[PDB]
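Shown next as structure tokens: one chain only, the form deposited in one PDB entry.
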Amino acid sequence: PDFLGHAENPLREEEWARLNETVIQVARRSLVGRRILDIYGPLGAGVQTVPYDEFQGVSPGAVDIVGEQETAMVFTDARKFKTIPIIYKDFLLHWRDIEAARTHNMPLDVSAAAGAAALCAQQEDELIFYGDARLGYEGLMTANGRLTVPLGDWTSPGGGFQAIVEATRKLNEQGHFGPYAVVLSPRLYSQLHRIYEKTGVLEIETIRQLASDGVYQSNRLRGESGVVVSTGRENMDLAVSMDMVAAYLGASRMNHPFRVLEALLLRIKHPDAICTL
């Protein structure tokens, strides 16, 4: 009876809840950039633009008994507004499967939803690490103003340590201290775990000890690439108007289409808190 006409909403509360839980679990197990970035907050679906401020340089501060010494204030060098895009993926469900679930009293099968959530997470990580270049977005590997250090041999032991030490000293000479985070491509990540003759100590352990905010591997990085960042909400953040959710697109040939979507943008306030290899 219900499947013989067009419908506003084809699911019940429990099925919606199961769908959303599957999406959340897969995204949480797959996301990488949300690990290293902070979240501004849920702005709302109606909000489509966000302020985009940039700060250059650092002023020291003051110590005084009455407080009459003068220091420069902290504001912005140039205020711009940017638009928030949408990231999405699509999947389909068969109507006889919904009927079968309600007749046998068994949970609904959501493998296509899981497969779509994984690809949406991969697209979000691609947007975070590289920009768009059509829509005027920049990523951690393409930002202008970023610092750069030459990549060494990395075959002979010690090269990765030299590269990370050079990057950290370069970042320190601009007033950017703090817990450092390292993101590497799979080839470099595997090369770090090598055991040579007489080794004694692995290199990934020393790198992890010098990072203190994490060493991670991402498959979106190309070839032999890596990035070192000084973490903190005063240098970068992620602005989110809507978090990953699922929506109905309306029936086609009696079958039910759905979309998994989100809306967010990356804000880089201190371009010199990054260093690429």
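Definition used throughout: the rigid core is the maximal C-alpha set that superposes within 1.5 Å between two forms. Start at 1 with the first residue shown and count on from there.
There is another form of this protein, the form deposited in another entry, and it is not shown here; the text below is about that form.
With the rigid core aligned between the shown form and the other one, only one of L108, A167, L188, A113 has a CA shift of 2 Å or more: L108. Residue displacement note: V201 has its CA displaced by at least 2 Å between the shown form and the other one (rigid core superposed). Superposition of the core reveals a Cα shift of 2 Å or more for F75 between the shown form and the other one. After superposition on the rigid core, displacement of the C-alpha of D53 between the shown form and the other one stays below 2 Å.
Between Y40 and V74, the C-alpha separation grows by 3 Å or more in the other entry, relative to the conformation displayed. Figure legend: C-alpha atoms of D213 and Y196, shown here, are separated by at least 3 angstroms less in the other entry.
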